[PDB]
Amino acid sequence: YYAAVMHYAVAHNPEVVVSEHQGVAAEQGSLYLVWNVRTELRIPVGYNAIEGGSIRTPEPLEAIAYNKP
Amino acid sequence: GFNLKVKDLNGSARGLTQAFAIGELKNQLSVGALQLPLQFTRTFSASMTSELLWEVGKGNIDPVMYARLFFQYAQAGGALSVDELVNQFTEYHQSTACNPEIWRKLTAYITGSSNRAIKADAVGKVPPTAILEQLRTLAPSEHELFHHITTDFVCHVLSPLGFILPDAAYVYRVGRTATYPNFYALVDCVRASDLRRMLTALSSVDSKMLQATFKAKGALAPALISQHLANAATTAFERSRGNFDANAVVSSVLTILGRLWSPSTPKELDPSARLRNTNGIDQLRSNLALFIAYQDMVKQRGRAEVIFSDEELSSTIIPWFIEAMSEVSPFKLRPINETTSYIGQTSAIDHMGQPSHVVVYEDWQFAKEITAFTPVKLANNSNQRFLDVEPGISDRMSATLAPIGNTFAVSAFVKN
Amino acid sequence: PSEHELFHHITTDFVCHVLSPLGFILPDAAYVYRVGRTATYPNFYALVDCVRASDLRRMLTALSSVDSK
Amino acid sequence: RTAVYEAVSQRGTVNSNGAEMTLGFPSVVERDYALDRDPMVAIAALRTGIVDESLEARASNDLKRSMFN
Amino acid sequence: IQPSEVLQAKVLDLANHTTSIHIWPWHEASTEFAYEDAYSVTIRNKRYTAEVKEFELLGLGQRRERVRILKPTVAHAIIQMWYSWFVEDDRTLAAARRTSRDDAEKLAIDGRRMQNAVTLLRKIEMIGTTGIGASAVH
Amino acid sequence: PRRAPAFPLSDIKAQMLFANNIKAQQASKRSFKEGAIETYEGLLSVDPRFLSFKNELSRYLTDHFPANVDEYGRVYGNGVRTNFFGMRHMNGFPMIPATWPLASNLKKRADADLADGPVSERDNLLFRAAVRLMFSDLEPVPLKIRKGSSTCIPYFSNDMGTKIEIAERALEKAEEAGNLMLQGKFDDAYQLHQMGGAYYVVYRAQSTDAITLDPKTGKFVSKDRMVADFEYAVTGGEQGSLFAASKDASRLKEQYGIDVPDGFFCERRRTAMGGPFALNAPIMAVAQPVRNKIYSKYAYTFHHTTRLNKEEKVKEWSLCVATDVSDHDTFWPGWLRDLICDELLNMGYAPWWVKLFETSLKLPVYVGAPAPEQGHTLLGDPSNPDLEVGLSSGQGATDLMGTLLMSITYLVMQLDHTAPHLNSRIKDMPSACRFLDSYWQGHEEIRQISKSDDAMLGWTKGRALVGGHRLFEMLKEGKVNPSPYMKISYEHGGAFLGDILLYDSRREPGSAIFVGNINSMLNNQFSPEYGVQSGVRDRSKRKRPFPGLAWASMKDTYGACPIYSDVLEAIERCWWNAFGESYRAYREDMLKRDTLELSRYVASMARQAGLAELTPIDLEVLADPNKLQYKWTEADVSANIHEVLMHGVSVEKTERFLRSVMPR
Ligand SMILES: [Mn+2]
């Protein structure tokens, strides 16, 4: 199910990285992926307001959320 | 299908938020900012559809296909995973190939009577099959499969000698596999990768030698057929092992990959000389599609110590010995978007313009034809049931489905 | 005379090539010439030169070859 | 010359560009200087753009022979 | 961006082959041996100009008639660019002191000016008195 | 020390071998052979204009074509690994004086510290296993023998029928005679069956030498050839000395007065030895079938034909390791003989025959005239022989020995330093059985190709390879050799039978590939060894039949070398620079004359039908029959000239004979 979105989160966009996100516990490694894509200048969508040019972005679905049909 | 809020998806489909793929919850929704970029490219291909029959058939035995079958049934079967199944197979292989007294009895069921192998004369009174029943009398498998394959082995070495007489055929269906997922499945794939050579060494080498010892024309052979067969078969079992641990080898190569992926410090783990780009692992640098394996790797487990690390190794051999290159499985392999090339997409929506309705989906089948059958069985044993379609209904019911494909044009249906 | 002998050598080379099977390989010496740097390289007229020369590849070789064993 | 840049303060900037800054090509000089044509005359010929019609088959066009590159 | 850029040519071996066989860009490569660079030294109210006949700078004797240097390229473009760019330099700086404007800058540039020349000064000795122009001063 | 007894040449034993005839007594009395080979008929080795042809050849070309083997000794680039200057010798005149072969390198084996037996007793078992299998299943087939092959020691008869009587009587009472030797009646069988006897020193001649140009002054230094004297010999490496023979040609500008062009020393005088056949009959009669065996039961490490034959096996490999072997013959252990005879008997092999081996395997020798005013020294005492002279050439099964211990120490070392944990599947002698079978079946990660000393190695995905890299590294350093039986280095500039494996930038077994050496071709042209003795009606006696063949076969041959045609350029060019003519048409006509000469020699290839019957390999065997005596195995030849070269021997006599020799 997770394997789903990521793949077509590849196309749109090859934007990547992200960091290991150790938080406070615990650094055994923890690094997913990020997607800057490119956007329209309005964001009533996504808690990550980061409209600036484009969302960066923490989660794959938002790319699609900002994606064209 | 279901629905969820976008801003609140972590409060909604919280597991689905990928941050969940990591143990992250926190005050914080993962993320932040950092470093090293490379689109992770070239994903393993499309195992969906492509259903078809395959033939076990000949005793000439292709380990490769059989492996594919093992993963196949394994996911499809009554016993996960492939791993334990391979263990059980090795057990059976001991109980059979490494258990010589059986073979005496087998030759006994073949030409066996007295003063074997009844000099130079032929006489191969056997269906392949009858052997199979005799072995069925022996140790049962929950999952015979290989129980056929062992017979196939009996054929392969008895093929040079006049016992090609039985030759019938054996058939089995596929089974659809997903995206495809979990690294444990990869573990299955790597132990199966061993099976490729855990098995073939007995599937091969074998003997062209002895016809049947020749000794013109060849040959007398008491237990000597069973002798030469099994003792070599056991010997073949010895060279087989695969040595290298299943979960370990993937754990390590995944370790080197993920820490290669690391923007935060690689530290002692690092890109290096022959530590990396060994004319293949760099191709994995290009195969970074198997990302997520690192994700659950820390999640399913935790620290990914390379433990059999070494530094020459590996490098050296182990990444070389990675599964996809040994190509079992619906492990599949491909460039980028073709796996995505079955993704629907409809922004729909308006004025805002972005949000209230943006759907996705997939294009799909309706080859209407569907079939049914009697389960004829020439002899009781398991489920080797012959079946013939029942066209008289089978066609018309399919015909009944014919408009229905024009109905529910799912793409058009999305428009709804 | 040629203003630009060059081929004037080459015609001799042709004399050699067919006289090579016969006992007149005796003269065999050697001939040498430098390059010359060329630019980006430019104008389509130069390409015109290149295509007529492209003909020369076969304008010439047919006499440079076939020949006689 | 890069070092010259800080000379001279202070910031303009709209009133007068901008500057060429950029070209100083070794290549364009050598291409013409190889024939000892002296490229430097060709330079101004690209300043005004138009060729000054020094009508000679090894004069005028050779200038243009450079301009293309 | 700052160039990657590595290209740099090389003279052809020539002699190793023309020890056997003729080349034909010749003529082109020319004659070719300048120069009589006389120079004066105006020690107080007197001239004392001196000059020298190229070949013995090399210490060879005597005059050679028919030695044939090529006409090496590349470098011409560099040194020319160097020359002309100095022209851009001193023109700009001199104009700057002519008005800009505002003292803090003028000394800067006129200060700047100095070491620019000073810089060239230094490198010019490397051009000469270190092989083989020491023969020239000699 | 203990001198191997230095009986005078004159001795009745010296007589009993020889037919006491022309060649017999002459060979007893033989002077030092010397003489420019007619390097081409109508063309000795000595022609000065051709010498200048060498001059231009090696100089101008090595100039143009420096070697391309990398640090690892693995190869790239042009693929050259060799000075072309190895041409530059008196290739018709040997570099003189000569070595005196020992009687025991056992201390020399204790200097290289080569082991007196097993490392691990496990290793012992391994030895016992290779022995177990080399002494295993057998499918006897008729023996065969070279036509025109002199009986050498003993009689030196050229007649085949002599060899017939000898071998057949041997078939009749090898039991009785090997018993006599067990009974110690050496000379009785030696003078009735005339079995066994002695070796006679002869020469291999290294056509080349490691001539090295000096950038600072042009010196051309061939590798020095350190050699034993008679005392270093009899005192098994104890007394005596190790020393270069004179390389000089001015000593013939001296003696012969012959002019001495630069860099042209004299070919190395390697020394083979001939010996009695009656025991070599059982040797071929089994081993040749054993040859067929491993080539059938295994091949793999063993089959030897096309570079393709090998390469296909190779590019497979993730890792590959060409081998490099120290003095291949002398080093063979006698305790190895001990285990041999051991398990021979253990597995029912005939004790008299076993005695026959040990007789030959320590058989007394003889030195002719190693220098003028040298030799004619009978050696050993065919009454109590005890020689540990190493692998004498008279045996043809020596190759089995080389391939043996080499493969041993190889695989073993692979255990030692790459797969020790894997030795766990080597639980015992039977485990060694399934295994060794499988390894020569190749179903293993650690791997090899093998042929006597020459060999290579292979590796893959699977839990063993990184240690292969390690052992690789150590051996590449060569700083210390783990092998206690051999000084096995890597060969920088490694190759297998002239199959120079090439590597690309990736430097992989799957990278670049074997090539037939072209410099080796040059050798074939110009730096081989023998003359023909044209003064005989039949070329069957002649050392070197039809060189023109190789000419035509060249692309088909060493055109495997990529740069091939350029070599053609160079050769034809330099010849026009030499005799100023067409070495092309020259050699073509030589080929034509080869066809002419062979034409009457051949029947079924009706008249001058053309050469279509002969394989390009067999073509290589027809320009070069000679290596068939130390490269090609007999079966390789197409049956036509095979029989022109060889003659059959009865399957039956040999059959029952083996039935005796074999544990049944
Ligand atoms: Mn080789």
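Please note: Cβ atoms are built from the backbone with ideal geometry, for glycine as well, and neighbour counts cover all protein chains shown. No lab work stands behind these numbers, since they all come straight from the coordinates.
Structure summary
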read-out: Verdict on B:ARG301 being under 25 Å from the mean Cα position of the chain (by Cα) and loosely packed, with under 14 Cβ neighbours inside 10 Å; value: yes
read-out: Residue match in the stretch A:1-15 (condition: part of a loop (DSSP other than H, G, I, E, B), facing another protein chain (nearest Cβ under 8 Å), closer than 30 Å to B:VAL306 by Cα and touching a strand residue (DSSP E or B) at 6+ places or on another chain (Cβ under 9 Å)); value: no
read-out: Residue in the stretch F:50-66 that is in contact (Cβ under 8 Å) with a residue 12 or more places away in the chain, closer than 25 Å to F:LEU591 by Cα and in contact with an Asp or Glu (Cβ under 7 Å, 6 or more places away or on another chain) present; value: no
read-out: Total residues in the stretch C:39-49, condition of a type outside the set (D, E, K, R) and more than 9 Å from chain D (Cβ to nearest Cβ); value: 4
read-out: Set B:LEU85, B:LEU9, B:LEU29: member being out of contact with any strand residue (DSSP E or B) (no Cβ under 9 Å at 6 or more places or on another chain), more than 29 Å from B:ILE343 (Cα to Cα) and surrounded by 15 or more Cβ atoms within 10 Å (Cβ to Cβ); value: B:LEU85
read-out: Residue list for the stretch F:377-410, filter: in contact with a strand residue (DSSP E or B) (Cβ under 7 Å, 6 or more places away or on another chain) and either within 25 Å of F:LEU17 (Cα to Cα) or free of Cβ contacts under 8 Å to residues at least 40 places away in the same chain (or both); value: F:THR377, F:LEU378, F:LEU379, F:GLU388, F:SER392, F:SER393, F:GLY394
read-out: Identity of the residue in the stretch F:363-409, among the polar types (S, T, N, Q) and in a loop (DSSP other than H, G, I, E, B), that ends up farthest from F:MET284 (Cα to Cα); value: F:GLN374
read-out: Residue within the stretch F:434-445 that is acidic (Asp, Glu), assigned to a loop (DSSP other than H, G, I, E, B) and within 16 Å of the ligand (Cβ to nearest atom) present; value: no
read-out: The listed residue being assigned to a loop (DSSP other than H, G, I, E, B), away from chain F (no Cβ under 14 Å) and either surrounded by 18 or more Cβ atoms within 10 Å (Cβ to Cβ) or in contact (Cβ under 8 Å) with a residue 40 or more places away in the chain (or both), out of B:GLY353, B:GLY344; value: B:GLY344
read-out: Pick from the stretch F:447-462, criterion within 11 Å of the ligand (Cβ to nearest atom) and not aliphatic (A, V, I, L, M), ranking: farthest from F:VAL314 (Cα to Cα); value: F:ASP453
read-out: Leading residue by the ranking (surrounded by the fewest Cβ atoms within 10 Å (Cβ to Cβ)) among those in the stretch B:260-289 that are within 14 Å of B:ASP310 (Cβ to Cβ) and free of Cβ contacts under 8 Å to residues at least 24 places away in the same chain; value: B:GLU268
read-out: E:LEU70, sole failed condition from (1) in a helix (DSSP H, G or I); (2) within 14 Å of another protein chain (Cβ to nearest Cβ); value: (1)
read-out: Some residue of the stretch F:5-19 being crowded, with 16+ Cβ neighbours inside 10 Å and hydroxyl-bearing (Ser, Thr, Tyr); value: no
read-out: Among the candidates F:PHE85, F:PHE127, F:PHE53, residue that is surrounded by fewer than 22 Cβ atoms within 10 Å (Cβ to Cβ) and in a helix (DSSP H, G or I); value: F:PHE53
read-out: Condition met for F:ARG337 (basic (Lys, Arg), under 30 Å from F:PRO97 (Cβ atoms) and surrounded by fewer than 19 Cβ atoms within 10 Å (Cβ to Cβ)); value: no
read-out: The lone exception for B:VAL328 - which of (1) closer than 30 Å to B:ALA185 by Cβ; (2) in a loop (DSSP other than H, G, I, E, B); (3) within 13 Å of chain A (Cβ to nearest Cβ) it fails; value: (3)
read-out: Some residue of the stretch A:20-32 being of a type in the set (S, T, N, Q), more than 7 Å from chain B (Cβ to nearest Cβ) and under 19 Å from B:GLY258 (Cα atoms); value: yes
read-out: Strands (runs of 3 or more DSSP E) enclosed by the stretch F:225-287 - at least 1 residues per element that are among the charged types (D, E, K, R) and either in contact with a strand residue (DSSP E or B) (Cβ under 8 Å, 6 or more places away or on another chain) or crowded, with 19+ Cβ neighbours inside 10 Å (or both); value: F:265-270
read-out: A:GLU40 being facing another protein chain (nearest Cβ under 8 Å) and crowded, with 18+ Cβ neighbours inside 10 Å; value: no
read-out: Selection within the stretch F:618-632 - in a loop (DSSP other than H, G, I, E, B) and crowded, with 16+ Cβ neighbours inside 10 Å; value: F:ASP624, F:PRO625, F:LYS631, F:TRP632
read-out: Hey, E:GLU65 free of Cβ contacts under 8 Å to residues at least 60 places away in the same chain and either within 11 Å of chain D (Cβ to nearest Cβ) or in contact with an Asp or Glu (Cβ under 6 Å, 6 or more places away or on another chain) (or both) or not; value: no
read-out: Residues of the stretch B:10-27 that turn out to be within 7 Å of chain A (Cβ to nearest Cβ) and assigned to a loop (DSSP other than H, G, I, E, B), as a count; value: 4
read-out: Search result, residues across the stretch F:577-613 that are crowded, with 17+ Cβ neighbours inside 10 Å and among the aromatic types (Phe, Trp, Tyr); value: F:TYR583, F:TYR586
